[PDB]
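**Q** Dumping the structure here so I can ask a few things about it.
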Ligand SMILES: *[C@@H]1O[C@H](CO)[C@@H](O[C@@H]2O[C@H](CO)[C@@H](O[C@@H]3O[C@H](CO)[C@@H](O)[C@H](O)[C@@H]3O)[C@H](O)[C@H]2NC(C)=O)[C@H](O)[C@H]1NC(C)=O
Ligand SMILES: *[C@@H]1O[C@H](CO)[C@@H](O[C@@H]2O[C@H](CO)[C@@H](O)[C@H](O)[C@H]2NC(C)=O)[C@H](O)[C@H]1NC(C)=O
Ligand SMILES: *[C@@H]1O[C@H](CO)[C@@H](O)[C@H](O)[C@H]1NC(C)=O
Ligand SMILES: *[C@@H]1O[C@H](CO)[C@@H](O)[C@H](O)[C@H]1NC(C)=O
Ligand SMILES: *[C@@H]1O[C@H](CO)[C@@H](O)[C@H](O)[C@H]1NC(C)=O
């Protein structure tokens, strides 16, 4: 019984990740924050 | 699920993704 | 001239780059191309309408790998981010 | 007579070529869903621009 529960739970994790992606908000947020920091740094070049 | 002209160099990480996977 | 860090000045705009035959399809009236950060990336050759790219000619840091001088006076240099044919 | 300029009045404000990017430029545009004067001849003002159109035969 424990084996079956553990396998099925792994499967549910597989599905949860495969369908929705807002679970990985934490890493994506870091990447976006650094991308926007670079973009602001560059767009400061076009100011007088 | 997760998705250059002015000295903005981007160094590579010392551990490449294969080694992390290992 | 192509494939050389040249200091171009196309009809209006200037700058230094490495002009390369591209595959981008401008519209009949467009002249430039820009990047997501508003940097020049493609120029239409105002004489022969072939759209060229613009790759800023390679720069990058120079690191000096070395065992401690307490071992030997020999080193090895590392140019960062070059095709290793521009040294 | 008047009408509703639904979505028209957009012109490439400059000469550059951009791919798949959402650009944001400030210039003289025809405000969306505005009032166009349905005609069928006289003089008109030219405040800062025009969206002269036609549905001709
Ligand atoms: C402790 O909880 C677990 C929860 O998984 C109980 O096991 C599960 O019990 C249900 C209800 O009987 C089973 O559902 C039925 O399965 C049979 C299998 O042929 C099927 O004919 C029915 O249509 C229904 O789907 C389920 O299979 C079963 N899970 C496992 C892995 O065996 C368990 O009974 C509980 N323990 C006690 C002492 O109540
Ligand atoms: C600009 O002038 C050049 C002058 O050579 C034109 O280049 C010629 O284009 C014709 C068109 O068939 C071809 O004979 C050759 O590709 C080119 N050389 C010669 C000797 O003719 C070019 O087409 C002109 N382009 C514009 C936009 O004016
Ligand atoms: C460091 O330098 C001293 C003096 O030059 C030398 O005796 C010693 O062996 C050196 N250390 C190593 C690890 O070579
Ligand atoms: C380096 O330049 C040569 C020039 O012939 C080219 O064939 C090669 O693909 C280049 N390497 C890289 C990694 O761009
Ligand atoms: C101006 O626009 C409004 C809103 O669509 C419309 O009701 C009206 O007929 C138009 N013309 C005038 C003169 O208000």
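These residue numbers are counts, starting from 1, taken along the chain as shown.
The deposited model was determined using electron microscopy, 3.7 Å.
Positions of Cβ are set from backbone N, Cα and C atoms, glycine also.
Pulled these features from Swiss-Prot for this protein:
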type	residues	note
DISULFID	C:5-C:57	disulfide bond
CARBOHYD	C:70	N-linked glycosylation site
CARBOHYD	C:83	N-linked glycosylation site
**Q** Around residue C:83 (N-linked glycosylation site), how many other CB atoms lie within 10 A of its CB?
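**A** Summing over all protein chains shown, residue C:83 (N-linked glycosylation site) has 8 other Cβ atoms within 10 Å.
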**Q** Considering Cα atoms only, can you say which of C:5, C:57, C:83 is the nearest neighbour of residue C:70 (N-linked glycosylation site) among these recorded positions?
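**A** Spatially nearest to residue C:70 (N-linked glycosylation site) by Cα position is C:83.
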**Q** Using a Cβ-Cβ cut-off under 8 angstroms and a sequence gap of six or more, which residues of the chain neighbour residue C:5 (disulfide bond)?
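**A** Listed in sequence order, they are C:16, C:17, C:18, C:57, C:58.
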**Q** Which secondary structure state does DSSP assign to residue C:57 (disulfide bond), in the simple three-class scheme?
**A** coil
**Q** With a 10 Å radius around each C-beta, find which of these recorded positions (C:57, C:70) has the fewest other C-beta atoms nearby.
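**A** Among the recorded positions C:57, C:70, the lowest count of other Cβ atoms within 10 Å belongs to C:70.
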**Q** Under 6 Å from ligand 4 by C-beta, which of these recorded positions make it: C:5, C:57, C:70? Sequence order, please.
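**A** With ligand 4 as the reference and 6 Å as the Cβ limit, the list is empty: none.
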**Q** If the criterion is a C-beta within less than 6 angstroms of any ligand 3 atom, which of the recorded positions C:5, C:57, C:83 pass it? List them in sequence order.
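**A** Near ligand 3: none of them.
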